[PDB]
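# Examining the three-dimensional arrangement
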Amino acid sequence: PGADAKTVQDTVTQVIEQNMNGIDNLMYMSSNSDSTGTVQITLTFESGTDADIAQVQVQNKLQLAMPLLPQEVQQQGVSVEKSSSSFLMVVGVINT
Amino acid sequence: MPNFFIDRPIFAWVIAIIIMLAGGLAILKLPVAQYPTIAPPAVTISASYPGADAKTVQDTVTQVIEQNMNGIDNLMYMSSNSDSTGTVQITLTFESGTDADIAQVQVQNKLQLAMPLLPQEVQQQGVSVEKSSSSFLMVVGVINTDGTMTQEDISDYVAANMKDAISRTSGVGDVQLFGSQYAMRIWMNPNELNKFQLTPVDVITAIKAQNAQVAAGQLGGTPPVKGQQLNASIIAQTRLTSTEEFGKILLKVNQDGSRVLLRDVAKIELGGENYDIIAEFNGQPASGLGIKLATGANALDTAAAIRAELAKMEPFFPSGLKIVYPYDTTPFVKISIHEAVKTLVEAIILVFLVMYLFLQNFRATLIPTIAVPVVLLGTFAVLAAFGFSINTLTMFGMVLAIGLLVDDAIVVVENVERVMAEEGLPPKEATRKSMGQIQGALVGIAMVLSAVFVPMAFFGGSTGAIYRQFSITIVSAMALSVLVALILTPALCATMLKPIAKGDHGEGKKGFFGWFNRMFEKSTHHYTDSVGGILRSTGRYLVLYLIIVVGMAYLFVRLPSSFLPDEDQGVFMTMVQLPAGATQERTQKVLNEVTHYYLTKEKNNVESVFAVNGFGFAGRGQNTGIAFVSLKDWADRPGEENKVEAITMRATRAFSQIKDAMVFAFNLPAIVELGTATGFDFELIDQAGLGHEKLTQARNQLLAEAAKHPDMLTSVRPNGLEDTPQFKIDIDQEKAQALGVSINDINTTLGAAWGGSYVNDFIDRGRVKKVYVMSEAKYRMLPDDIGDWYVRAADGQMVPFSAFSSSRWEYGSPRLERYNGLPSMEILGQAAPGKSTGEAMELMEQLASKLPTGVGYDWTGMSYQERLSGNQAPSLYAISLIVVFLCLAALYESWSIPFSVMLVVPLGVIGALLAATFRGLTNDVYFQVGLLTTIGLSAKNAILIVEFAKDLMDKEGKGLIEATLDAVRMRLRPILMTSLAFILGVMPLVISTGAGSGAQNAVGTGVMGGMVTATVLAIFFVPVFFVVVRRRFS
Amino acid sequence: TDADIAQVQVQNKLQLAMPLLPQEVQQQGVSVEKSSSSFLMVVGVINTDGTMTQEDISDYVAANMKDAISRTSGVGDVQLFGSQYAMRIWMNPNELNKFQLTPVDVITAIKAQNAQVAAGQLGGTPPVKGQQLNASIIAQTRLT
Amino acid sequence: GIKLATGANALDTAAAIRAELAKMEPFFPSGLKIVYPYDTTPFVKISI
Amino acid sequence: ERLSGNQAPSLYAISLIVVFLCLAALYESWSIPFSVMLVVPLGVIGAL
Amino acid sequence: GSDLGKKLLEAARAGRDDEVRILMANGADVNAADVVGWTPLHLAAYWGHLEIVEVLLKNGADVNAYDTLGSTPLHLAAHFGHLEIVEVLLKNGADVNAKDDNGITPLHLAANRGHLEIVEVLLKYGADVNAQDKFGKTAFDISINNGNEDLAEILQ
Ligand SMILES: CCCCCCCCCCCCCCCCCCCC(=O)O[C@H](COC(=O)CCCCCCCCCCCCCC)COP(=O)(O)OCCN
Ligand SMILES: CCCCCCCCCCCCCCCCCCCC(=O)O[C@H](COC(=O)CCCCCCCCCCCCCC)COP(=O)(O)OCCN
Ligand SMILES: CC(=O)O[C@H]1C[C@@]2(C)[C@@H](C[C@@H](O)[C@H]3[C@@]4(C)CC[C@@H](O)[C@@H](C)[C@@H]4CC[C@@]32C)/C1=C(\CCC=C(C)C)C(=O)O
Ligand SMILES: CCCCCCCCCCCCO[C@@H]1O[C@H](CO)[C@@H](O[C@H]2O[C@H](CO)[C@@H](O)[C@H](O)[C@H]2O)[C@H](O)[C@H]1O
Ligand SMILES: CCCCCCCCCCCCO[C@@H]1O[C@H](CO)[C@@H](O[C@H]2O[C@H](CO)[C@@H](O)[C@H](O)[C@H]2O)[C@H](O)[C@H]1O
Ligand SMILES: CCCCCCCCCCCCO[C@@H]1O[C@H](CO)[C@@H](O[C@H]2O[C@H](CO)[C@@H](O)[C@H](O)[C@H]2O)[C@H](O)[C@H]1O
Ligand SMILES: CCCCCCCCCC(=O)OC[C@H](CO)OC(=O)CCCCCCCCC
Ligand SMILES: CCCCCCCCCC[N+](C)(C)[O-]
Ligand SMILES: CCCCCCCCCCCC
Ligand SMILES: CCCCCCCCCC
Ligand SMILES: CCCCCCCCCC
Ligand SMILES: CCCCCCCCCC
Ligand SMILES: CCCCCCCCCC
Ligand SMILES: CCCCCCCC
Ligand SMILES: CCCCCCCC
Ligand SMILES: CCCCCC
Ligand SMILES: CCCCCC
């Protein structure tokens, strides 16, 4: 919260990414750090890879980095979960 | 099936081609390693509490975590250490076959919930949950030769420039840094602080305010004033980046107007995170990277990948920086694969020379030269389906099966050659008859050999895993071999082998082969006559048999039993141990001596010495250190005198006269986490809240009793440390409240100055790094320096520590151990020469029942497993024996005849024990598996003699002695052909003294020796067994 | 459904909520457990000599038996039928007010005088040259 | 009051509990005794 | 897309050898497989 | 120091009577002290080895030997409730009123740990009951703060 892309990249993105090594069936790792101070690190795995086990391996290796992160980032919370890029649908709501 | 593929040789070729391609694909794509995962899953919880004692760490951290380790599946036991270096290490060991990823997340998830119960300082440092792996692919040492950089300077370079690139390298699973990146070190001065009326508290407060990230907001942020043109992020305060910026931190503005900065009261430099480990390489300052191989990765590929990364890193290295390889397992692995592979090719070449010697036509020499490789390639395809790696265990498991593989090929071809010579049948017609004689026996052998080996895979624990590598590898090759023997070789034999005129035994030929044919035919006559005389006086050979069985049982008990032979790996360790309370400098002076020795008296053998001061396997501290010695190439260390065994002994001797230091050298084990054989791991437990002192008295009492049984127990010692003098300081609450000094300020001031205090982080050249405040060395060395520290009272006056404290010397634990949540003391020991591990353990158990009230015990590590793996051996031996009998009973259609085969077992084992004993070897896994393969081949040989003999009696109505003599006559050649080839095949392994000779010696010696007795005895003893058995049961 | 992964997924989300909870609720220990709603068994503990009270037994079971059962594989949840002992400070408001003190003064004093301190070492690394002494400094410890 | 982990074996877990209690009994204070006022596992052994 | 095209050559190559050896095994000939596998370009040119 | 001096320190601490005996015969320095200034008598007085204490005092061991913080064997014996050693030491000329660097006497420590029997022995040999430490606290002051009624009764 309140940190610029570069400050967040140096303290969170790189710190985490350095600990995202030696994970089974990792094809590539894309990530970005924005002006608001959000960090998304997407690890795409091989086809046939158990996404549940893949999640567990990412969670274990992230929690080594967690203490090396800033304490303000730890208090805001860091989630590890399965993800997809495109939306299935958009459920719109209006007032008549 | 044989008959099917004789008429269809192209089909047989297709199956051979499909097997060859599937295996060829597997061989290049399979992962190469030294050893597979042998040890069960262990998750280690590690935390640092800067400047905390053993009891503080235990009482604030270790206990609080252990109480929260609930709801985790398949936990066997939990053990932890809490030491005065500020570190805790809680190890949780799980059941073999547990998902290590699941076991780690479960342990790590229950810790996260316990985090808020831990101290602020422990939460700030962080508690690491990792999977246990003591196997490094290699260590990459980084040194500096021009004495410009320190070990902290080198370590920061490696962290910032190399480490991440090596972590990102193909096949690299984990990279551990030997040291730490830079830390902003504020070295405080009590004199300067007291002069300006400041405390370590004031210094911390100012760093936290002036070294911080402050959130601002946005220009024209939502919701805005409609008509806003610009939106911009406001950048407020950001973290400091330099020693210059930190020195300018303002602590106090004086009345006159002068400013008190942080540089005025403290020294500021980029130092290390801790100064416990002083690492030096050949005397020079060093750091480096402990690189581990990733799951299912190729160890040779990774090693090559890492070297190519470092190779392109060199250009950007500063002046004097050098890369060095004190440790690399890759050359040793590359040697093992090659020598194993070399044995398989030589073994095939040797059959060619032997096949041509007896059969004397190149077409017969090709049938095995085609069939064996197809099985070897084919085996790799099956290993791949089991998820196995090309490793020392599987590569030697394959070499041990050569005798069984080579035999399947020879037995089939030889028999076709015999039929054509005796009956004058054409090739295709001869094969049908020939295969019809053995096709039932071959299937019977597959079932018997399966029953010998498959049970070996069902052993549990660490050693149960090493057995399973041989089990599957040997079974998989032996299964393919029998399939190939029924499918491919019949087809080749019927299409490739040239016809032979009836009664043409090559006596008509001239030259060498004419002599040989005439020679061997006379020897077969001498042989059959000789068996005739034995079968007249059978009762004599039964007495001579029981002498062998008794000779076997003796050597079996006399022979010492280890797990794996030690190897000259080009490295070994020297452990340095000074007395309790000894300082870093004192330890350093001994390590300097040890290094001088190796580079002076052993300058011909030793390449490098990696002296690590402050690290010990039995517990860290300033008074412990290890020197890791890297030798030159095996080629430049010729003879036994320049080996790791010989050097180790000389070194230990020379360091025996080191004053006030326990210094000894030793070789590394084949497997790191297997310990030794006859070794045990005892845990003394406080089960009734006695305390540390009463548990020490109980341990001392148990140790003293163990020392009065030198005939059963030897080297019964504690694994942990002893109580050391510690400086007890009592803060007077009343005087502190009277003077207006707060306990928080007293406690922070002492802890910050003497212990060090991690404040917050700063970005040094785009890398977030830590800030520590600690007293400059000279103000935190002695008790007199305590009263030099001042705390500011509420009223403003500066109060020395002397005013509100009182000190005394007491004894306390620098390393507090816990087992399964309760206080413990690990005791190591072993069985006295000639005693089994179970004997020693029952005595330790007996002595322990006589200890004080509330003192329990338990077995851990290897001893835990031994207790469990010991209950299994009976069942597996029993099951294995029953199924062999049953498989032989179905083949011969007799409850009694099977005994004649089963009685051959001791004939192969006696020679094995003789060769091992006379070469000065042990009952190790290689020897044990070699026994199983020796028994299998001798049992296989015996099976065909009984089958041939039985079918003569059943089908041609021949007599007992008539059928037996005809049977052994027919099987003499093929038995001798396999043995000749196979004994020559393993002869190089017995005499090999090079790299990895320890393993080769264990395979070759117990096989050659066993093959010699199993060949010579069995040709004379099987006819005796068969005749005596048939005579007993009509 | 894989209960292992359900526990992992549920807890992953709880861990985002954990910081938003009161300090007091975090310090009591939040627990995610994957057990049956019904009791497998009840391990009752009595004193045949009647030497120990309900409270004494309960503390023994909690301090000596409960944790090892909790760490046993297959045990989803262990419910103590009683309570482990705590150091109970039962405050008198009459005597507090007399000395012009409050529960805040009591709480603050327990924290300052019931503390386990990390006080460093004499002759600790990095040390001066010619240092012969290396000893742990023991300041305040937890009251017993 | 012991509850069984999701999908765990009741008999094998109950056996492991009684094994862990057996190691504690030796170090009990004078008078302490284990009683089994409720167990669902004994019925499964008898019914089988 | 890159992956799919890199591995297509190996897919055709192995598929042809499997179809080849399958015919040799079934019809116990080398010439019948060779005769049958020569028609493959006649089909593939039509698809191209 | 010496070779046997270290053996005596390590042996006197462990309570190895038969090793201490051999060392006393061989002439191991009884005045040998480690970094903190603890002689074999300190270590015997601390860990409560009575037999060895007697043996050391016979072999010309300094009964009023003080460490780098000014503590005597009697300080240690009195603090850890080793009644026999206390008596043996007082018998062999141990200074009953020995103050350390903090002004803490063997009576202060005996009182603090509430060793009623030991407090009476020191008092028998003439322990100053009105001896104050660096904070002006007597053995009486400790008993009242500790809330030991029985001990407060002994000091009137
Ligand atoms: C009378 C005539 C005949 C009668 C009897 C014949 C009996 C045998 C012939 C049948 C052959 C069928 C083979 C089926 C194998 C079943 C097992 C599937 C493999 C499996 O689940 O294991 C994983 C495979 O994953 C992967 O994808 C990794 C690659 C390994 C896949 C297996 C392919 C290799 C060849 C297997 C066929 C063997 C037959 C040759 C004779 C683990 O492997 P991992 O992912 O951990 O990989 C690391 C490798 N170290
Ligand atoms: C993607 C990776 C790329 C890697 C590439 C992998 C390579 C794939 C290997 C494919 C295997 C092809 C082998 C075919 C061999 C053809 C032999 C020619 C013989 C020939 O034409 O004569 C036949 C008769 O031969 C006879 O009389 C019988 C001859 C039997 C000898 C067979 C020799 C086999 C050698 C195999 C070598 C192994 C290759 C390495 C894997 C014709 O007459 P007909 O019988 O058809 O007609 C019956 C009429 N009445
Ligand atoms: C000539 C000789 O001695 O054997 C060489 C030759 C060798 C057996 C090679 C290993 C392996 O590719 C072999 C196979 C079966 C691999 C699978 C196919 O592609 C075959 C067409 C190929 C033919 C022989 C070859 C190419 C050797 C090795 C292995 C070296 C490996 C390490 C780890 C050092 C060896 O030298 O030991
Ligand atoms: C007659 C039948 C006998 C059958 C014997 C078949 C068993 C062969 C054993 C497996 C070895 C082949 O497997 C392959 O070896 C090569 C060695 O050049 C390795 O190659 C790797 O290590 C070498 C080591 O010097 C590096 O230089 C190289 O850059 C790297 O790619 C592969 O990582 C390994 O997968
Ligand atoms: C449940 C799994 C474990 C089972 C145990 C396996 C052990 C048995 C090994 C295989 C036994 C082979 O069994 C053997 O096969 C061959 C071919 O059928 C037969 O051999 C005979 O076949 C026919 C009779 O059918 C005769 O005309 C011919 O003279 C001869 O070749 C034997 O009469 C039979 O006993
Ligand atoms: C010592 C190292 C050697 C290790 C390997 C040796 C084991 C195998 C030894 C068998 C050698 C053959 O030994 C064989 O013995 C029998 C008697 O038992 C002899 O037979 C002789 O005695 C028997 C009766 O006892 C007579 O019926 C027979 O007419 C006579 O020739 C054979 O003529 C001899 O050739
Ligand atoms: C041919 C008739 C049976 C042969 C013996 C069968 C024994 C197999 C049991 C087994 O699974 O081996 C595992 C075992 C682990 O210790 O491996 C081994 O130790 C190697 C075999 C031991 C030799 C004992 C037999 C010879 C004594 C007369
Ligand atoms: C994988 C190769 C398939 C093997 C087929 C063998 C058929 C055997 C026929 C048996 N029979 C007695 C009828 O000849
Ligand atoms: C735990 C992984 C082991 C998988 C075992 C599969 C073995 C099947 C291979 C059969 C081929 C003949
Ligand atoms: C651990 C159990 C492994 C099962 C044995 C597999 C034997 C088959 C080999 C082909
Ligand atoms: C005709 C009988 C088929 C032979 C079966 C071989 C299988 C080997 C199993 C280990
Ligand atoms: C006197 C002993 C006779 C032994 C001759 C047997 C020769 C066997 C050659 C394999
Ligand atoms: C359990 C092993 C099988 C033994 C059966 C033998 C029966 C023989 C009696 C005729
Ligand atoms: C150790 C687990 C192996 C189980 C696989 C069984 C193979 C038939
Ligand atoms: C007369 C006995 C001679 C035996 C010779 C055997 C040759 C190996
Ligand atoms: C064929 C033997 C089976 C082994 C099972 C333990
Ligand atoms: C693009 C090449 C395909 C290979 C056919 C054998």
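## Observations concerning the overall build of chain E
Across its full length, chain E carries four helices and zero strands. When the helices and strands of chain E are read in sequence order from the N terminus, they spell out α-α-α-α. With the principal axes as the frame, chain E shows a C-alpha extent of 40 × 20 × 10 Å. Among the 48 residues that make up chain E, the fraction classed as buried is 19%. Per element, the accessible surface of chain E, about 3,800 Å² overall, is 72% carbon and sulfur.

## Details of the packing of aromatic side chains
If you walk through the whole model with that rule in mind, you get 53 aromatic pairs over all chains. Consider the rings of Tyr60(C) and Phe28(D), whose centres lie 5.8 Å apart with planes at 85°: the pair is edge-to-face. Here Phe28(D) lies in the loop between helix 1 (10-22) and strand 2 (32-39) and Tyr60(C) lies in helix 3 (residues 54-71), a pairing that spans two chains. Its guanidinium or amino end placed over the ring of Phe136(B), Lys292(B) lies 5.4 Å from that ring's centre, counting from NZ or CZ. It is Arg971(B) that lies over the ring of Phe948(B); its NZ or CZ is 5.0 Å from the centre.

## A word on the layout of surface pockets
Residues and elements named next belong to chain A. For the second largest pocket, the calculated volume is near 1,300 Å³. Contributing to the lining of the second largest pocket are 43 residues, with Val39, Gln40, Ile41, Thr42 and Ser79 lying nearest its centre. Those elements giving two or more residues to the lining of the second largest pocket turn out to be helix 1 (5-18), strand 1 (26-33), strand 2 (39-45), helix 2 (51-65) and helix 3 (71-76). For the lining of the second largest pocket, the element with the highest residue contribution is strand 2, accounting for seven residues.

## Some remarks on helix 3 (residues 40-47) of chain F
Of all eight residues in helix 3 of chain F, seven are buried, a share of seventy percent or more. In this structure, the buried residues of helix 3 of chain F make contact with strand 27 (805-812) of chain B together with helix 1 (4-14), helix 4 (50-58), helix 5 (73-79) and helix 6 (83-91) of chain F. Phi turns positive one or two residues past the end of helix 3 of chain F, at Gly48(F), with a value near 80°.

## A few points about the arrangement of the chains
Contacts are most numerous between chains B and C, taken over all eight pairs of chains that touch. At no point do chain A and chain D touch; the closest pair of C-alpha atoms across them sits 18 Å apart. A gap remains between chain D and chain E, which never touch, and the nearest two C-alpha atoms on either side lie 41 Å apart.

## Re the sheet that holds strand 1 (residues 35-47) of chain C
As summarised here, the arrangement of the four strands in space is 2(C)-1(D)-1(C)-2(D), forming an open sheet in which the pairing is antiparallel. Bordering the open sheet on either side are strand 2 (75-78) of chain C together with strand 2 of chain D, each of which pairs with just one other strand. Each strand axis lies, on average, 30° off the axis of its neighbour in the sheet, ignoring direction. Here three bridges tie strand 1 of chain C to strand 1 (residues 2-5) of chain D, and the two strands are oriented antiparallel to one another. Among the inter-strand pairings, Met41(C) is bridged to a residue of strand 1 of chain D, identified as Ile2(D).

## Overview of the site of ligand 10
Residues and elements named next belong to chain B. Taken together, the residues surrounding ligand 10 are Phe386, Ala457, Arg468, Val475 and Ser476. Relative to its unbound accessible surface of 360 Å², ligand 10 loses 62% to contact with the protein. Sorting elements by how many residues they give to the shell around ligand 10 places helix 17 (residues 461-496) first, with three residues.

## Here we look at the site of ligand 1
Residues and elements named next belong to chain B. The environment of ligand 1 is formed by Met1, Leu30, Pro31, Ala381, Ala384, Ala385, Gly387, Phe388 and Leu480. Contact between ligand 1 and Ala385: an oxygen atom at 2.9 Å from a main-chain N or O atom of the residue. Between ligand 1 and the protein, one listed contact pairs a nitrogen atom with a backbone N or O atom of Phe388 at 2.6 Å. Compared with its free state, where it exposes 1,100 Å², ligand 1 has 34% of that area covered by protein. Per element, the largest residue contribution to the shell around ligand 1 is three residues, and it comes from helix 13 (residues 362-386). A class-by-class count of the residues in the shell around ligand 1 yields eight nonpolar, one polar and no charged.

The rules behind the values
- Residues numbered from 1 in each chain as written, not as in the entry; some residues may be left out.
- Chains lettered and ligands numbered in written order.
- Part of a larger assembly, values for the part shown.
- Heavy atoms only, no water.
- Helix = DSSP H or I, 4+ residues; strand = E, 2+ residues; numbered from the N terminus.
- Buried < 20%, exposed > 50% of the residue type's maximum accessible area, 1.4 Å probe, protein only.
- Areas by Shrake-Rupley, 256 points an atom, 1.4 Å probe, with all protein chains shown as cover.
- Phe/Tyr/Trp six-rings, centres within 6.5 Å; stacked < 30°, edge-to-face > 60°.
- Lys NZ or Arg CZ within 6 Å of the ring centre and 35° of its normal.
- 1 Å grid on protein atoms, 1.4 Å probe; cavity = no way out; pocket = protein on both sides within 12 Å on 5 of 7 lines; lining within 4 Å.
- Points joined across faces, edges and corners; volume = space filled by probe spheres on them.
- Contact = heavy atoms within 4.5 Å.
- Pairing = 2+ DSSP bridges.
- Axes fitted to C-alpha atoms, helices over the stretch in contact; angles between N-to-C directions.
- Near = heavy atom within 4 Å.
- Polar contact = N/O pair within 3.5 Å; in protein donor to acceptor, adjacent residues only side chain to side chain.
- Nonpolar A, V, L, I, M, F, W, Y, C, P; charged D, E, K, R; others polar.

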